[PDB]
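Report on the structure
Each chain, letter by letter, is given below.
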Amino acid sequence: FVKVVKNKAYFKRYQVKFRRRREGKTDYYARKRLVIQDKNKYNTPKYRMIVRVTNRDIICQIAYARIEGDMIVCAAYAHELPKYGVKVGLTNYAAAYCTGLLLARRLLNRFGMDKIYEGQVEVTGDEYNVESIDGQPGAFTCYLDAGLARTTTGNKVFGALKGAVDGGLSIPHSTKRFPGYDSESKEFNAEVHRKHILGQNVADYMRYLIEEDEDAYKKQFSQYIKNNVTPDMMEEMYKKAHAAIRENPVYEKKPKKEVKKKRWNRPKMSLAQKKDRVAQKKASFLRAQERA
Amino acid sequence: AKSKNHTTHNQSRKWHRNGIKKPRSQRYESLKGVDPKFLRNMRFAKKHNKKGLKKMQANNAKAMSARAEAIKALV
Amino acid sequence: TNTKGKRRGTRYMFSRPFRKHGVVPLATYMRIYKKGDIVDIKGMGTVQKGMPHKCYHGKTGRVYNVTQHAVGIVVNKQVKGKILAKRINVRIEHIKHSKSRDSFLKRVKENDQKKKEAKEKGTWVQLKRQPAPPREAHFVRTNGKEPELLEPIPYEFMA
Amino acid sequence: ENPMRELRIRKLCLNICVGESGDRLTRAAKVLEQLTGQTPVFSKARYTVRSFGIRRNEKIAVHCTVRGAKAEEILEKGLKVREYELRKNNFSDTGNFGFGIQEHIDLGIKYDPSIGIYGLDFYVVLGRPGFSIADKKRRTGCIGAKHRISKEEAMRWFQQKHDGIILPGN
Amino acid sequence: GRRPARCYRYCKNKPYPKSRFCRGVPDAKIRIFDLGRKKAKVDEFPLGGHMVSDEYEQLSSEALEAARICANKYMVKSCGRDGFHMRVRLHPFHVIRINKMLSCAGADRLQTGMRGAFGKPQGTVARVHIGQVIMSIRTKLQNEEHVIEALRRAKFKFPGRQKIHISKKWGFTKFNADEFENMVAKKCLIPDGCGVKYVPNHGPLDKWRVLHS
RNA sequence: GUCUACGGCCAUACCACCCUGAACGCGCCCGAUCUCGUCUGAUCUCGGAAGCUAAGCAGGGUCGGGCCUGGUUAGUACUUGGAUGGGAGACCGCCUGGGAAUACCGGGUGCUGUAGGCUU
RNA sequence: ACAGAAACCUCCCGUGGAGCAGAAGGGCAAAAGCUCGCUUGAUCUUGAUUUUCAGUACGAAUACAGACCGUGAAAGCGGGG
RNA sequence: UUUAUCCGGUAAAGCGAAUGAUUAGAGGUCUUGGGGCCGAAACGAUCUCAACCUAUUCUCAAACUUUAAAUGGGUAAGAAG
RNA sequence: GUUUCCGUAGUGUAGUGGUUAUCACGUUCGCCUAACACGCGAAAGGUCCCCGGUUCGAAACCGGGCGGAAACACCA
Ligand SMILES: [Mg+2]
Ligand SMILES: [Mg+2]
Ligand SMILES: [Mg+2]
Ligand SMILES: [Mg+2]
Ligand SMILES: [Mg+2]
Ligand SMILES: [Mg+2]
Ligand SMILES: [Mg+2]
Ligand SMILES: [Mg+2]
Ligand SMILES: [Mg+2]
């Protein structure tokens, strides 16, 4: 034996964590740092751009923090990109662009600002930083929220930020970790961001893993062979989304009312139904062993 | 030559003989102590109230004659 | 003689209550204060920057200043007689909104309402509060029982 | 039938404890280097002990963690020196197991009169798909109640892949 | 040796328990808080005789010493060496002090009088409240008179006053004695050597499955 | 009915074990070309979509431990004022008011906020 | 494997029972703890306030504002500990 | 003084809640031991005493605390709204 | 009672700053001697008083205690 660590006294003195840290989701320190507004403002919100590349889809959404629970002004997912001609690879760094580009444009058509501060248009992968216009409404500002992503160079979280910055949002961003930063000379290639933004890191993988062997092709990406996507075409997939997204960003959420409303959860058992289960046992125990 | 070392014995009597006074507070207390970036701004707000007095005066007669009309329409 | 130290005897005061040692809940620094608002100081151990001093712990005062994460606040502090209205700088973690004010402003919003109405009638309504009156002669009814007879019970040494 | 309860090797650990801090340790670093194919980490002392000749923050051992395919290829060519037989108390309460060897040349290793004969410590962390839940960063978790590898489940693992004769008696 | 118990009779100063803050305490005089057949069962000793204090006072360690011994001696006697169990329920816990005897040689030349009046530990003492038990004995229901007289002799080693009282509990438990047999069969109570374990309708059902099996 | 993203109050939410999860998602999972990081693609970063609810998670279950609330303990312990009350003293009683804590019995076991799904 | 109550490795449990230069006391867990990389906010400058209090100093501290910066994707944090 | 409303760690209480003391038995080769007695020896048998711990039980804390009073300290009860 | 000082091999004593422990004698074994001395060669021996803390590590640095010692207890 040993001493029982988890005593009765262990649980009497045990104080649980904040729930959202039980699930391991929320850095509230670095949420306290990120969210609370200075009290020289007292009401004006502090917007954050949230990016959580999930496992299969990249969620983008802008939120300010209220005391009831932060409200979401605009959300744009990666599973809506097929509407704009992107069928596959929508957890990849190229698609985090279009997600963040969508998010930026779907936000800027409300508050009537889609006709100003379009940011970089073609694409470069360089230092762009929207400069608010005099005599016009000031540019929209928010601060990137990485959540729990170890933000080394190339990571898509602040790679989706490049989408919002290209969309017209004035987010303070450096380029020290955009894919392309040379961590041994401290500068930019800026044509590496060219490729990674349009999917040539996936094209050149799609071209090394074709000539070397088959059946590694079609196992590494079947749905890129299916749906008739190819190299020499990917660059002209996202270059259409980058244009199709920016001509109509508005969401038109699908109408929903059919459900018959059955309950295939399992309900909570009432008091007296537990209260007899004992006395429904202990009559099955007594009767049984008062024989043999 | 030892002596008493302290006491608060009849002190309550003394400082309640003239009846402890809650500090007399006026309206318009001093702005000394407020952060400079407030004042350094609110002084510019106060310094240029007059530039824009024409709007204020005519717009006052507008509501003064619209509520001289509102009290006369009741009559 | 005792030591003048700023945090003497606070061993038991600034101590986080129980099963709460940890992250400050984020609501406490996302409610807003504006000058005029009444506030009750209540220190707290976890945050040491911008703490009040133990003689204000438990006291209320109105707000006169608002910096980025602190609030200038005027309280009264009694010293050997003369009460000095003195202003201290306290970071927000040691501050609440005192609902002491908020019973009124709800008697006010209701008084102003009950006066605007019943003015088209002219019937004078009891606007003032009024202390708990005499309890207003009534009846008691036993139905079909006499009261239960109570008797002081015989002592016996329990131990 | 079990969909994915494939009891498989998560890692294979090697350790050469030589409380000497210099040569007899710098040479033992090539043993794991040659045997595995990856530069081994230098461990150091937790604190000083007199009777042993070791000092705090002084280097003592050199260790290695080999996983993947090359971990089956050294677990195999591991046992077969113990000739596919172990002892009851090598399979721990947590579903791991370990066996020491006494000389590193019997693992197909060329002996030098300078590079001596330092045996090593083989330890094997058995796993199962879904065990990295503990180690990840976002949304960690505990590995169920079953899905944990018991002492008896790890026993007949080794009796059914390398056909050991696990022998009773301490 | 020691001042008469007079001077340390009243509970004047806050408890001074032996801790890191007072050290060098002379070990308490009384050591053994229960004697007789402490290897008895509950089912064979139904008489909870008590000696209850009636005044809020202190009891010297050396008093609890003689009060125990003189009760062991009118017991094993009429009762026999097996037929009782004696409990002392006051552990001398609060440390009593002595300014250092104002020691002087010859007539004197100096003592300093009161400078550093704070004194050394001298012994230990029990704190007793009104209606709190000092000693308790348990025997057979047969042997009542000999519990009364054995506790009546121990009163004479104690200051103040204390009543002798025979409890309505069974032996040393907390359970009213008219109810024991009823709460033993049907197992609301389970023998546990000296004491007894009250098993409620709370725990897991298998914990029952052991009993009534 | 329920989930996902970001949350508020932070156990009625925890812990231990037991059972069941349609579809969307969440996940496990499959690789190391590029980005990035390691003694180790184990974690982190990245490219994925062959499998499975085995687990996390969700949902329940336990005369379960814990917590949350009531009852009792108890008008008991204690106490604001009061007496030319009692007592050698320790202390105790009464008058005027306020009024606890265990053991021991019950009941409950996460509420919701915004934005999006799925059950069309 | 040599290896023993103690070296090294691995898994499991671990609300803090460790650690935080020092006395204690508070406070602290994807921290304020430990390990790394980059550094000089331990810098220049007015006032306001707190603490002892006469509501004088000194010491120490708390919020700001103005410069120059450090750091980090950034929100921020930092004018000794 | 009411009516709202915050503040509090003293009396009491508790220690089958932490920390610190501490009695007893039942339970445990937990661990292990040091003596034994029956054993060459044997977790073999029976003891024993030590230390731990599984349900218990006796008694405590000014420099301990889950709880937690009474008296008491703030504000607020409008025209400066 | 207050203020100092020490404790190290069988014995008296060195010693360091925190990595090591001496000297002399005693003792054990040889050698010379007819035999002892003397002399020559080798040897073995201490928790560095008992403690807890600090520290990587204490015999040595702190705190308490135990034992042996020294110095004050004046004006009436
Ligand atoms: Mg961070
Ligand atoms: Mg005098
Ligand atoms: Mg992998
Ligand atoms: Mg599952
Ligand atoms: Mg399942
Ligand atoms: Mg329960
Ligand atoms: Mg500055
Ligand atoms: Mg620091
Ligand atoms: Mg106090």
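Residues numbered from 1 in each chain as written, not as in the entry; some residues may be left out. Chains lettered and ligands numbered in written order. Part of a larger assembly, values for the part shown. Heavy atoms only, no water. Residues with missing side-chain atoms left out of burial classes, pairs and counts.

Going by the PDB entry, chain E carries the name Ribosomal protein uL16 and comes from Oryctolagus cuniculus.

The PDB entry lists chain D under the name Ribosomal protein uL5, with Oryctolagus cuniculus given as the organism.

**Examining the protein's contact with RNA strand I**
Rule in force here: What makes a residue near a molecule or strand is one non-hydrogen atom of that residue sitting within 4 Å of it. We call two N or O atoms a polar contact when they sit within 3.5 Å, provided that within protein one can donate a hydrogen and the other can accept it, with sequence-adjacent residues counted only if both atoms are side-chain atoms. Any residue that is not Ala, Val, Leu, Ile, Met, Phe, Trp, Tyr, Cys, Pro, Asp, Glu, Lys or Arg is counted as polar, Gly included; the first ten are nonpolar and the last four charged.
Taken together, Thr 48, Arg 50 and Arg 56 of chain D together with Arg 109 and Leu 110 of chain E form the complete shell of residues around RNA strand I. Backbone atoms, meaning sugar and phosphate, form 79% of the atoms of RNA strand I found within 4 Å of the protein. Between RNA strand I and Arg 50 of chain D, the relevant distance is 3.0 Å, taken from a phosphate oxygen to a side-chain nitrogen or oxygen of the residue. The residue inventory of the surface near RNA strand I, partitioned by class, reads one nonpolar, one polar and three charged.

**Section: unusual backbone geometry**
Residues and elements named next belong to chain A. Which entries qualify depends on this criterion: Using a 1.4 Å probe on the protein chains alone, a residue whose accessible area is under 20% of its type maximum counts as buried, one over 50% counts as exposed, and one in between counts as partly exposed.
With phi around 50°, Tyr 117 is a residue other than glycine that occupies positive phi space. Relative accessible area serves as the criterion here: at 6%, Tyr 117 is assigned to the buried category. With phi around 70°, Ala 190 is a residue other than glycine that occupies positive phi space.

**Concerning the packing of helix 1 (residues 61-74) of chain E against helix 2 (residues 144-154) of chain E**
All names here are of chain E. Put simply, the rule reads: Between N-to-C directions, angles span 0 to 180 degrees; the directions come from axes that are lines fitted to C-alpha atoms, helices contributing only their stretch in contact. Counting from the N terminus, the helices are DSSP H or I runs at least four residues long and the strands are E runs at least two residues long. Each crossing gets its handedness from the near helix: less than a right angle anticlockwise from the far helix is left-handed, clockwise is right-handed. Two residues form a contact once any of their heavy atoms are found within 4.5 Å.
At a closest axis distance of 8 Å, the pairing of helix 1 and helix 2 adopts a crossing angle of 145°. Like other packed secondary-structure pairs, helix 1 and helix 2 cross with a definite hand, here right-handed. Residues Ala 67, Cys 70, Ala 71 and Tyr 74 of helix 1 pack against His 146, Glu 149, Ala 150, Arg 153 and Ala 154 of helix 2. Here the residues of the contact of helix 1 with helix 2 sort into six nonpolar, one polar and two charged.

**Here's the deal with helix 4 (residues 93-109) of chain A**
An α-helical turn contains 3.6 residues, so any two residues separated by three or four positions project in the same direction. Residue and element names in this part refer to chain A. Our working definition: Expected helix span is taken as 1.5 Å per residue step, with the number of steps being one fewer than the number of residues.
In a regular helix each residue adds 1.5 Å, so 17 residues correspond to 24 Å; helix 4 covers 25 Å between its end C-alpha atoms and thus fits that length. The buried fraction of helix 4 is high, at 16 of 17 residues. The distance from a side-chain oxygen at the start of helix 4 to the backbone nitrogen of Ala 94 is 2.8 Å, and the residue carrying that oxygen is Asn 92.

**Comments concerning the protein's contact with RNA strand H**
Within the structure, RNA strand H sits among 54 residues, and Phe 1 and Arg 13 of chain A together with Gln 132, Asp 192 and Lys 197 of chain E are positioned closest to it. Atoms of RNA strand H within 4 Å of the protein: sugar and phosphate make up 72%, bases the balance. Contact between RNA strand H and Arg 11 of chain C: a phosphate oxygen at 3.0 Å from a side-chain N or O atom of the residue. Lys 197 of chain E places a polar side-chain atom, nitrogen or oxygen, 2.4 Å from a base nitrogen of RNA strand H.

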